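Just one chain follows, in the form deposited without the named molecule, and it is written as structure tokens.
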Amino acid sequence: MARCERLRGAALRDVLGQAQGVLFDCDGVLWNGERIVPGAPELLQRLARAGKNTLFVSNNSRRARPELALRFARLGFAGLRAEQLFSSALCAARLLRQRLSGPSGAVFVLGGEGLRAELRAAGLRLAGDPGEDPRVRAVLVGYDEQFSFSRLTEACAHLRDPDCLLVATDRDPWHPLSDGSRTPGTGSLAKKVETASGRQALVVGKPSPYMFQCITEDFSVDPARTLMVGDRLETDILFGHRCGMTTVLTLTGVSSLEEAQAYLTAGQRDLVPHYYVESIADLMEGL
């Protein structure tokens, strides 16, 4: 029964000591734009040497795994493997691969090159690619910098066919840019498409539990022995509760302690973290 307690001292040593793994959200937790959270790279190294699994979850779709791995290495996060990285783009690609199996058809993507790349790596054919004309069997909505009313209308035409799937990477209100600014996230486009088409999308990214299924397909992950660390209550903490994980709010990102406390006293227990730290650097003393 959470809680929102301060994670340090004996509590920290116990909670971290029993943990077999830690799942980290990235933006607002490891970094903000190109500003790394002080102590973040060292924590990850200490966790690995402590024998604990470290996995990474993000609703950012700008980078496919290879490029995402290269980013981690640039900001000073060494010794990570691509297999530890779980983006909403990766999980959407794997969902679509399964649903479009039994080999037919193509995916119409509202989104960028990183998303397209992950889909191609899952062996999916895309509607915008050459040798065109295949039937569109799914529309995938992701963060789309080049969105236009022309492509919305195109997407809705494909969705006239009830058999055409509608999938969204996530419903985040905001997408963080490298320069510290932000712009509306997939949430706005998803609702636009859902409203225009009169449909409800299959959402794969957190707080959807499907992201967790994606993870547990590749890794042995006991949710009762795993910490979920994030900076947004409505996405990361909710995700943790839905998956049965211990949740930790870090304060270096979007959500504030006051917000955490407002949900508590308002009875929204799924939006209240079990614990909080000022930054993930504070977890290092538990090791």
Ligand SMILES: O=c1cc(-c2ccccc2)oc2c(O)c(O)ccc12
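Residue indices: 1-based, along the sequence shown.
Separately, the form deposited with the named molecule bound exists; it is not shown, and the next lines address it.
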property: Pocket accessibility after superposing the named molecule in the deposited bound form (3+ atoms within 2.4 Å of backbone/C-beta); result: blocked
property: Which of 155 to 163, 77 to 85, 142 to 150, 117 to 125 lines the interface with the named molecule in the deposited bound form (heavy atom within 4.5 Å); result: 142 to 150
property: Answer option from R65, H241, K52, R62, heavy atom within 4.5 Å of the named molecule in the deposited bound form; result: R62
property: The named molecule: the contacting residue among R94, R137, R171, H175 in the deposited bound form [heavy atom, 4.5 Å]; result: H175
property: Distance check, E234 to the named molecule in the deposited bound form, heavy atom within 4.5 Å; result: no
property: Heavy atom within 4.5 Å of the named molecule in the deposited bound form - qualifying residues of 13 to 30; result: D27
